[PDB]
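# Overview (structure and organization)
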Amino acid sequence: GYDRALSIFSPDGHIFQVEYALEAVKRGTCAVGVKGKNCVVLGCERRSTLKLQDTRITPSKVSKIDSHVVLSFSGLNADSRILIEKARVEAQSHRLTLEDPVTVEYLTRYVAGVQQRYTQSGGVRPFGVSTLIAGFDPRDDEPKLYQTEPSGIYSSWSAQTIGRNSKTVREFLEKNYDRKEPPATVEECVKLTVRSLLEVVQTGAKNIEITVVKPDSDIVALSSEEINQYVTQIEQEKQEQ
Amino acid sequence: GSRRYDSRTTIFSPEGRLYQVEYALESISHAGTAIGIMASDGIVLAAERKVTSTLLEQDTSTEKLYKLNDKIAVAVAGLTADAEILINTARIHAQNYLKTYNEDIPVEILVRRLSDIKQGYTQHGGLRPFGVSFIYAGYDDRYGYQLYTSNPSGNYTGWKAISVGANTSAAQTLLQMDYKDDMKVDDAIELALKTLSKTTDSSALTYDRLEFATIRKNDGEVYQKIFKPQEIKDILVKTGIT
Amino acid sequence: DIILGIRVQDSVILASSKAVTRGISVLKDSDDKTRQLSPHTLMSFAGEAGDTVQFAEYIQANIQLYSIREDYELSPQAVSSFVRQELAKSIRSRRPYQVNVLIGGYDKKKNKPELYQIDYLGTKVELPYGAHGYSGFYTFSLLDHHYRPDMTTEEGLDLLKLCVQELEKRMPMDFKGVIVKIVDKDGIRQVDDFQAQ
Amino acid sequence: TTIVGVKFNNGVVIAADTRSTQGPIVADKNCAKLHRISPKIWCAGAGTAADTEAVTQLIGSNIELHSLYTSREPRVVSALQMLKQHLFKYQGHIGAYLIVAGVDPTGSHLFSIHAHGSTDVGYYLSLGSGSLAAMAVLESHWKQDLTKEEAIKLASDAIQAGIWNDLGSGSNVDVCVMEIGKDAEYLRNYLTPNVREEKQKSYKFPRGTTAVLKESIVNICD
Amino acid sequence: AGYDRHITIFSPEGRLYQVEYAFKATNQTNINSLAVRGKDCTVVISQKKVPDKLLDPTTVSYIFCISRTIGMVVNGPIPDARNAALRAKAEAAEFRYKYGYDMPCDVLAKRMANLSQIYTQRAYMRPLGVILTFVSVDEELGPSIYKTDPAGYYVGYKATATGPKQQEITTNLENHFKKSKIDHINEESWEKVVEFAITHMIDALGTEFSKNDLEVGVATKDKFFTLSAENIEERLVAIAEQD
Amino acid sequence: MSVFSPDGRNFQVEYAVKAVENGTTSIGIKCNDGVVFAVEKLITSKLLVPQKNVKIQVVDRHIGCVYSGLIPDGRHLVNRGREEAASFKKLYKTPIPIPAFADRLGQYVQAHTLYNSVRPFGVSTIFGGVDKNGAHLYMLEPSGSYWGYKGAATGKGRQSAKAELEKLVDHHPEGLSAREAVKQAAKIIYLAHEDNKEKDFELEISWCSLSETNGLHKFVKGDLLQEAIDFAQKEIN
Amino acid sequence: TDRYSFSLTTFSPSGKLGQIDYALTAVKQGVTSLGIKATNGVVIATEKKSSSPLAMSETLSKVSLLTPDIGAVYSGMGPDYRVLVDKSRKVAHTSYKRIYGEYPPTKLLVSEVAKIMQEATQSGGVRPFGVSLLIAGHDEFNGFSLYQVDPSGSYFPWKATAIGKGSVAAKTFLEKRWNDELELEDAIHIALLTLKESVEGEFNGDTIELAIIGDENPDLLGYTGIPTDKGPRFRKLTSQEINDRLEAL
Amino acid sequence: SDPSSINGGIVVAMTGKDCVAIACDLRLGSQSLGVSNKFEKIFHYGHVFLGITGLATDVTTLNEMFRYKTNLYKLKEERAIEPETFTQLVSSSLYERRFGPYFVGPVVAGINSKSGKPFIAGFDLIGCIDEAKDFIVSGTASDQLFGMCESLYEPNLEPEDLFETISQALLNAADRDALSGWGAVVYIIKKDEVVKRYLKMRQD
């Protein structure tokens, strides 16, 4: 029925809609993910505004695709839900015809592929979302982290951030992440993740959420007391002149 | 040249927002206000109906509060007619779930469904989005009493207390001050009414201009009450607004 | 092939024949005719060749999807409601899935074990014990007699073994014995030692 | 079933028995085989009951809608036409043999409709198991130009013929009379010749006769 | 420019300019028609103009026999009028088949008017720039004139006229009916009713007509037909008696 | 394209006419028992193989069509026309009557003035033939308008033709022989060439007479054609 | 084929659904019509404004029966109203009579119509309906209802209201004349009085069209023999019946 | 062989003075094999009761279907659905699958909340309604149920007797059917209340 071309080339070679989709991401809550030696962590800014939320139920920014992979994101919330659902289905389907779960790249390629599809199809606008897929390939202990954009582009990163003020925390991660010595422990990697958020979050502890993924479907969400304990550690260091 | 009239209802603005969604929200800011408050043993819905006339049959006009099923209700802010289309889809999704699984639908599952339906008009079909913001009140056996909101963006979130329509900044501020987590239903009733009374663009808050409902606790089972115009008036007295 | 199931005090026990016969040759004496749908819900199955597994796997996958989406475990009741609902569609389908299943589960909320029998027409019924095909004919007589709702898992395994001896003695097909699995509050595990008890 | 239609000088009348059977069994000893399509167009059916009712109510739903659109009273030919075209499309798989009758602006009418799609016209007609018994009477006593009363007696005698001799039909006689000027008069159980004689003894049981294992109240409230 | 001028959508005034424009296109043939009713017949008169000598005058007509009983006259461009006659004929034929009887003049008018209404709501279709005046001697309502337009409107008339000088002709008849005090030309023969129509047209338009400047359709029970240049003239010679 | 201007007119249809007008000129003449069609074929160059670029089309066996304006549109319409005349014959047995056929095209062309996703035809089409009750000449405009004719013409030299055509109508009230009309139609093509004079032209005449062709549609070729050339060629001076 | 698969009714920066506002404006210009609810019946009415003294007013019905106990009336674009009655009549069967074997209740039918009217706002390539309907009706479990429906598909139940041209004036008039003890006869009388101010021309049983939903009329059923069917509650008045009440007035 | 003979069982309903009664057996067979002695074939929706004999998977589906439909009805109509309306609903619903029907014998039983009238009805698998005012039978022992009800029934029974009549009519019919029995249940319906009782019977 409705097939008008919403994503098309402008005279200088840009596809305006995709760019304006990234703009939506720019206004998303900073999402971040860094890889450890034997783990991967995902941190996520949450607006500080309403002390009136019900945090038990309000959709959380980090989502599981399978038991061994999660997806974080920035941009339009409602668009994200649609990417997640499609992802979890492809996950369950890949097991059903290959008898083995998806590799983090395959899942990513798949999701990025879907994003790409909305830039090149009629009647549809691209996804106003950019993502951070991370996990461990089955029976593998080498950690993985990817990012995808509305364009449909994707690539692997040792550490990455997306969203509002992402520009600033990558600045922090570029100077603070030694490739040769990646946060050995689970604790170092999480600390490093929080520190990069405290440049941007403003009243840190209260409005941060960290999720820790380790090999063999070992994923846990940190309870703010545990996260807060990391924020008091940050004072100590900085509080020494 | 049939393409000259296509308002392109599903595109992004340079800043990265969906014109049509923002504009839908704009008209929602003029709809009569609706409040939602959650207590430890019940939930409360309250709404100012902005269609007001003495000849209007209040005893009948189900304009803002509707029931999706036995344990879930909504409060509407926007185009009544739009909400009704969405309501009937939800009512069914509840019944399809019931039939498939023989358990009532958990409250979030139904919110997420209805919020995706909206998110779609947002990304394809080139149709205007549904001009509705919903407040969901429900109780299931997993998360107990729950409260949610959704808007034309297809985005939904959860709350302890929340408002939609006109004067939400105002209403939301008053809710932060006086809401406490231990609250008891009866307090929420008085808080919702007090709140509307101080945000109404009217000389006074009268029963004729209200719709009120509660979700409460036979035993171990949940009663859902819609107040008739007499009940709202009575309730208005005790509270000390009359 | 033999599909049996019995619900005791704090668990559900499933027995399922290990033979797979195609033609006049027994192609396999080791087949495990089951699938774990969810951490506390197990499903045995018997019926037409491909359909049997194609159905079992389809359900499993679907339940695994529901599990992830909601980050929750569906009650054994809801799973069987869903399963019937599918088999019910099959019957007026172009080509029906001819599969009979047993669904043993442990309801973590209500803390009781539950056993559901559903035949390929979508006939669900909830029982203390069940079977599909002729397995009922030789065993039921004994299960009617000894079965106690307060039985222990050990007591269950004995009454089960006795039912297996009857089948072994009076049933003209060699089914190469059963694989026994137990579903309880701690999940599902397999009794890898039923050759002697 | 035994059904008939008989034309009289100023209109038309139709009649039917009231025995409804499943094989040799009598499911209902008094059901109505007289169906209204429109106030003055009634229809008597035989064959598969669900079909005669569903194909009647359906056409009558449309006939109404048509009458509303066109602002004119519905005609027997419209109801005839719509019926046969439906039945035909279904190649006989809708088991509905009918006698459609009534008055409309163009005068009075009487038609037959077979499950396959064919229709016939006439002054006296019959369908069902009694189709032959009734017709034996009709051929015996129908004359041209008969009064409303002559016609009702005749249509009623043809259904008795059915009731008695035929085992496919029994119980009572229903009649609907459609006179050109007047309102249609549906006379349900116009005849009740078969009343069960008083039983030889009351079978009512001394309370408690029946063993009860357990009791319960049931909850309808909210 | 305005988009609300080009497709079938509301102006801020609550109007459809497209509909209004289609009303203008109806006068584009500068032809007037009129219809009146007898004691048991219905007559329509239309102006016929064949300025070009190269045109076969026998093939120039805005009167159509829709059904055997329904007749239709059109004020507007021939392509759209033909688009309508075809439809109407098709509808007339179908209604017969399905419901067992001849489509009544008023029903066809309602139907054709429902369709006209649709082009008025749907933006992909334009209205037809025509005004259909249907006529018959109905078996229930008797001699009948129902006329539909581009807005989807239709009503029944005692008599009517349509075209550029629609108005002159209309007030002529309104006047005639004040004295008459009735809803029809009290005449037993259709031949005298056709005469009457032609007279009041000559009066209303203030113009004399030859056998070739007119086109006449007539409805009687069971038949709707048109008169020839001869049937017309015989009728035209009769008007030379009193006047 | 389906838009009404405030006046009541449709500008697209009016423009489509412009495209017709600036095309070559074609005409048709109704004779006593048939019809004749002639068309002006401009020779842009010696490169065009003479008398092997046929522009007059045959529908069924008995209907001849000719068009001035956008040529491909004209074929689209003949193609449609051929389908139409075939369905008819398939159902009703008889070959399609001329008026019947004129309306089939009439309705189809009109349909292209109903929507704004569709463009109306860029041609006026002259056509006809013999049916069970006589000869018929028709002309159909981009608007779907069409009427029966005694004579018809359209294109660059239409007034030139129509002037000459009115004169035939007047100086022969009793009728017109099919052979007369062949010759006559050639003259009218030559006089219509005075306007489009800048280039050399080629003539193409087809006819459909009950006596001369049996009701079938056929091209005037060789012998009979050369004399029609002649009649006109030397009458021009 | 269609090409307008996109919405022709869209939100503006201010939050307005332009075309709905414009459709409402078309209804403003419509002829005054109104409804009044009584303890034992509902009444609806409007002025038969005629576009020619040669048209026969009787042929055009502005007051129409949807179901035996429900009736409608409008103000605005007639043709849009006409097609709505056809669609409304059918849905009353397809979505109800044909599955529950009974006519739908008043509030549900009004919903089926709002539903239709809604879709003309949101759907591909269409403008909203240019009418506001008043629907009067009675069902067994709710009693006599009075409903209004706008082009948006919004519907409100009323004790009495008026729409069209003189609407604010009429509702003003009605707001002071109505009360919960009215008897049909009295409401009929008030309706005629409200409509007097809304008419400049002649005012009689031929220039007025007025109908009611009240008692059941066996004389209007068409047949006898069935004791559980008493006739429709919708009853349209004749010119005569009206004038009897105009002398009295 | 016959889809209405695989699983078996029966349902029967009656009317007495100001009340109605509906009863069924509890068997679920798989042909000759007894499978469940707890298969209740009587369901309710608001104050309307429905019995469904026949093919168990269809019985179950229809309950699940009518539950759904009646809820959407209550939500919209704002009231509970009445027996007369429901009966029509069941018939539409069954005829909807005219050429692929559910293999069942439905029985409707309830009292009109408004009119205070006792009402009951029967149907064939394709919807044909029987609204007899005395009794309704259905299933694998429909032949026997007619036998019992015809001899044992009398109008205007008082609930406490109506209970005895229906109970004996079920019990003795079931005991002459190889595929019916394995326990039984009887509902007694009044405007005020509903009482449900399980009966003691032979288990062979």
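For chain G, the helix and strand inventory stands at six helices and 11 strands. Taken against the 2.2 N^0.38 rule, which gives 18 Å for 249 residues, the C-alpha radius of gyration of chain G at 18 Å falls within 12% of a compact globule. C-alpha atoms of chain G, sized along the principal axes, occupy 55 × 45 × 40 Å. The proportion of buried residues among the 249 residues of chain G is 62%. At a minimum sequence separation of 6, the contacts of chain G that also span at least 24 residues come to 63%. Carbon together with sulfur atoms contributes 49% to the accessible area of chain G, which is approximately 9,400 Å² in total. Computing the positive centroid from 27 side-chain charges and the negative centroid from 31, chain G places the two 7 Å apart.

The subject of this paragraph is the interface of chain D and chain E. Across the contact, 13 residues belong to chain D and 16 residues belong to chain E. Carbon and sulfur atoms supply 47% of the area buried between chain D and chain E, which totals about 1,300 Å² over both sides. Three residues stand out in chain D for area buried against chain E, namely D:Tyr69, D:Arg72 and D:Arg75, and they jointly supply 51% of the buried area on that side. The interface formed by chain D and chain E contains four salt bridges. Elements with a contribution of two residues or more to the side of chain D that touches chain E: α1 (49-70) and α2 (76-89) of chain D. Here the side of chain D that touches chain E is composed, by residue class, of four nonpolar, six polar and three charged.

Here we take up the packing of aromatic side chains. Tallied over the entire structure, the rule returns 46 aromatic pairs over all chains. A ring pair is formed by B:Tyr5 and G:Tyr4, whose centres lie 5.8 Å apart and whose planes are at 35 degrees; its orientation type is tilted. Separated into two different chains, B:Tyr5 in the segment before α1 (19-28) and G:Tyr4 in the segment before α1 (18-28) make up a pair that spans both. In terms of burial, B:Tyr5 and G:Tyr4 fall into one category: buried. Seen from their ring centres, D:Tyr124 and D:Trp142 are 5.0 Å apart, and the 45 degrees between their planes marks the pair as tilted. Placement of the pair is D:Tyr124 in strand β10 (residues 124-128) and D:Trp142 in the loop between α3 (131-141) and α4 (148-165), with a sequence separation of 18 residues. An aromatic cluster is defined as three or more aromatic residues linked by ring pairs; in this entry it consists of B:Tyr5, E:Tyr3, G:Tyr4 and G:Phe6. Over the aromatic face of F:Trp147 sits the side chain of E:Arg82, whose NZ or CZ is 5.0 Å from the ring centroid. Taking NZ or CZ as reference, H:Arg79 lies 3.8 Å from the ring centre of G:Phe141, over its face.

Our focus in this paragraph is the nonpolar core. By size, the foremost hydrophobic cluster in this structure holds 108 residues, and its most contacted members are D:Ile37, E:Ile66, E:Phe134, F:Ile27, F:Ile29 and F:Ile205. Apart from the residues within four sequence positions on either side, F:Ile27 is in contact with F:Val36, F:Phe37, F:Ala38, F:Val66, F:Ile126, F:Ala152, F:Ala153, F:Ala161, F:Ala185, F:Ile188 and F:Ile189. Among the nonpolar cores identified, the runner-up in size contains 56 residues, and C:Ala15, C:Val164, H:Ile52 and H:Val108 belong to it.

You can see B:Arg128 is positioned in the loop between α3 (107-121) and β5 (132-140). We classify B:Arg128 as buried; its relative accessible area is 1%. Polar contacts involving the side chain of B:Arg128 include one to the side chain of B:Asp82, which spans 3.0 Å. Not counting residues within four places of it along the chain, the set of residues in contact with B:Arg128 comprises B:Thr9, B:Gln20, B:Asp82, B:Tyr121, G:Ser7, G:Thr9, G:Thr10, G:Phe11, G:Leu17, G:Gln118, G:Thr121 and G:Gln122.

The next point concerns unusual backbone geometry. Peptide bonds are mostly trans, and most non-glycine residues show a negative phi. Residue and element names in this part refer to chain A. In the Ramachandran plot, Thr203 falls in the positive-phi region, its phi being about 80 degrees despite a non-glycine side chain. For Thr203, the position within the fold is in the loop between α5 (186-197) and β11 (208-214). By relative accessible area, which is 59% here, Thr203 ends up exposed.

A few words now on helix α1 (residues 16-26) of chain A. All names here are of chain A. Along α1, the residues that are buried comprise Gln17, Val18, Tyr20, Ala21, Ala24 and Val25. One side of α1 carries all its buried residues, which in axial view fall inside an arc of 165 degrees. Packing partners of the buried residues in α1 comprise β2 (14-15), β6 (69-75), α3 (104-120) and β7 (129-135).

Looking now at the sheet that holds strand β2 (residues 41-47) of chain G. All names here are of chain G. If you trace the five strands from one edge of the open sheet to the other, you get β8-β1-β2-β9-β11, paired in antiparallel fashion. Each edge of the open sheet carries a strand with a single partner, namely β8 (160-163) and β11 (234-236). Strand-to-strand twist in this sheet, taken as the mean axis angle between neighbours without regard to direction, amounts to 15 degrees. Sheet topology note: the strand β1 (residues 33-38)/β2 ladder contains six bridges and is antiparallel. Looking at the pairing, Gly35 lines up with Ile44 of β2. Across the sheet, helix α4 (residues 167-177) is in contact with β1 and β8; its angle to β8 comes to roughly 165 degrees.

A few words on the sheet that holds strand β7 (residues 99-107) of chain C. Residue and element names in this part refer to chain C. Read across the open sheet, the five strands follow the order β5-β6-β7-β8-β9; overall the sheet is antiparallel. Across the chains shown, the open sheet's two edge strands, defined by having one partner strand only, are β5 (34-38) and β9 (123-126). In this sheet, neighbouring strand axes are inclined to one another by 20 degrees on average, regardless of whether the strands run parallel or antiparallel. Pairing of β7 with strand β8 (residues 112-119), which is carried by seven bridges, proceeds in the antiparallel orientation. Bridge pairing links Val101 to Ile118 in β8. This element, helix α1 (residues 49-70), spans β5, β6 (41-47) and β7 of the sheet and lies at about 15 degrees to β5.

The partner chain B presents 41 residues to the 31 residues of chain A that form the contact. Summing both partners gives a buried area of about 3,100 Å² for chain A against chain B, and 55% of it is carried by carbon and sulfur. On the surface where chain A and chain B come into contact, there are two salt bridges. Two residues, A:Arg4 and B:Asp6, come together in a salt bridge whose shortest N-O distance is 3.5 Å. On the surface where chain A and chain B come into contact, there are 16 residue pairs in polar contact. At the level of elements, α1 and α2 (77-98) of chain A are the ones that each hand at least two residues to the side of chain A that touches chain B. A per-class count over the side of chain A that touches chain B returns 16 nonpolar, six polar and nine charged.

Cut-offs and rules
- Residues numbered from 1 in each chain as written, not as in the entry; some residues may be left out.
- Chains lettered and ligands numbered in written order.
- Part of a larger assembly, values for the part shown.
- Heavy atoms only, no water.
- Helix = DSSP H or I, 4+ residues; strand = E, 2+ residues; numbered from the N terminus.
- Rg over C-alpha atoms; globule rule 2.2 N^0.38 Å.
- Buried < 20%, exposed > 50% of the residue type's maximum accessible area, 1.4 Å probe, protein only.
- Contact = heavy atoms within 4.5 Å.
- Areas by Shrake-Rupley, 256 points an atom, 1.4 Å probe, with all protein chains shown as cover.
- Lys, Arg positive; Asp, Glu negative; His and termini not counted.
- Charge placed at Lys NZ, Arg CZ, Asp CG, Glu CD.
- Buried area = accessible area lost by both parts, 1.4 Å probe.
- Salt bridge = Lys/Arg side-chain N within 4 Å of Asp/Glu carboxyl O.
- Nonpolar A, V, L, I, M, F, W, Y, C, P; charged D, E, K, R; others polar.
- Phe/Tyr/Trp six-rings, centres within 6.5 Å; stacked < 30°, edge-to-face > 60°.
- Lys NZ or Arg CZ within 6 Å of the ring centre and 35° of its normal.
- Core = buried A, V, L, I, M, F, W, Y, C linked by side-chain atoms within 4.5 Å.
- Polar contact = N/O pair within 3.5 Å; in protein donor to acceptor, adjacent residues only side chain to side chain.
- Arc of directions from axis to C-beta.
- Pairing = 2+ DSSP bridges.
- Axes fitted to C-alpha atoms, helices over the stretch in contact; angles between N-to-C directions.

By themselves, these observations are geometric and do not establish any function.
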